Each structure stands twice: as structure tokens, then as C-alpha cells.
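Structure at a glance
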Amino acid sequence: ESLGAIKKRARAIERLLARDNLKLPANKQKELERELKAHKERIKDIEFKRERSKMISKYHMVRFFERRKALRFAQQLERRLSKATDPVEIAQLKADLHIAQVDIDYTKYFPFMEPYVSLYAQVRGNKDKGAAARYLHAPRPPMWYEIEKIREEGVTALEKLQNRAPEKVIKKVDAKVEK
């Protein structure tokens, strides 16, 4: 069944309860309201999957580019480190490679249905190989700090966050259906 078919079955089951003429039993108005909700419910799951996909569709580009800049940093760094030998330089590369690797998972598992917060747009020059420190030493959003912790416990915990269903759009689609 398609969306318009479910919408029609529901607008019909209601126009039917409101139809006075027909004397409909005790039971068959119970069922007519059970059914009226199974359709209203399914119309929401559908409109939710829709709003979800509108979302991913919007931010996929900005997330994608950041995920690529991060990935170039994390690799630029792994290299300069397999070279470097001063314990203070090796400490600042380990430090920075961390920031890079958490950037990479931020752009991946930052929740789909929450508007994306660009790590890198604040950085002037975004429209050296130490110009990687301009981006890596910038402020991080509080989400980034969450991802830093939440990225232990495996990829399985990460995507729990990724698909997180914000009650902001729960209440948005629940409204659009019910009125």
C-alpha cells in the first residue's frame, strides 16, 4: 500500500464514523477506531522516514567535505609522525592526530536528524602543512566532546547516536498528521 492509499483509507474510516445514518454496532465502531489509528500511526512512520531523508539529503554535502578534510589531516599527520623523532613534536602530533580522528567520526555519526554543526567553517580560508593546525586547534562544539567519549564502546554505540530520533521532529510529524 502507498501513502495516498493509507491516507485515503484513514480519511474514509473517519468520514464513516461521522456518517450518522448507518447505525453501526458497538463492536464495529471499536474496530473502526483501532483501524483508524493503525493507519494514522503508519502515516507517521512514513512521514518520519521522509523527514529523516530530507535531512540527510540537506547536510550530506557539508558533512562529506568536512569528512574529507579531516581524513586528509589524519593522514598528513600519521605520516609526519612516522617521520618525527623529538618527544615534544611527537607529543603534539599524537595530540593532533587524536583531534583529527575525532573530527572524522563527528562528520560520520553526528545525528542525521539534527542540523549539522560544521567543525571547519569558522576557520578562515575554507571557501601550509602547518595550516592543518589552524583547523585542528579551533574550538569544538559540545557534540564533538560527546563523540569523543561515546566513540569508545564501538561503532555500534556510535550509530545509536547517528540515527537518534529527536523529539523535535517526532512532535513535528506527529503534528502534521494529527492536524
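Above this text sits the structure in question.
What comes next concerns the included structure. (Residues numbered from 1 in each chain as written, not as in the entry; some residues may be left out. Heavy atoms only, no water.)

**A look at the side chain of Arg63**
Summarising the element assignment, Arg63 is placed in helix α2 (residues 27–83). Leaving out residues up to four positions away in the same chain, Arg63 has contacts with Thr107, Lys108, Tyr109, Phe110, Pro111, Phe112 and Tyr116. (Helix = DSSP H or I, 4+ residues; strand = E, 2+ residues; numbered from the N terminus. Contact = heavy atoms within 4.5 Å.)

**Quick notes on empty space enclosed by the protein**
Of the voids in this model, the largest cavity is the one considered here, and its volume is about 40 Å³. What lines the largest cavity is simply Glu47, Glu51, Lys54, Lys172, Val173 and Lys176. (1 Å grid on protein atoms, 1.4 Å probe; cavity = no way out; pocket = protein on both sides within 12 Å on 5 of 7 lines; lining within 4 Å. Points joined across faces, edges and corners; volume = space filled by probe spheres on them.)

**Some remarks on the packing of aromatic side chains**
Two numbers describe a pair of aromatic rings. These are the distance of the centres and the angle of the planes. Within this structure, the stated rule accounts for 8 aromatic pairs. Centre to centre, the rings of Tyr106 and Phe110 are 5.2 Å apart; their planes meet at 55 degrees, and the pair counts as tilted. Ring centres of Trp144 and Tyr145 lie 5.1 Å apart, and the angle between their planes is 85 degrees; this geometry places the pair in the edge-to-face category. Residue class for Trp144 comes out buried when judged on its relative accessible area of 4%. Accessibility expressed as a relative area gives 45% for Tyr145, which makes it partly exposed. In this structure an aromatic cluster arises from ring pairing among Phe73, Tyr120 and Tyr135. Across from the ring centre of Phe73, 5.7 Å away, lies the NZ or CZ of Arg72, which sits over that ring. (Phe/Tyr/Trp six-rings, centres within 6.5 Å; stacked < 30°, edge-to-face > 60°. Buried < 20%, exposed > 50% of the residue type's maximum accessible area, 1.4 Å probe, protein only. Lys NZ or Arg CZ within 6 Å of the ring centre and 35° of its normal.)

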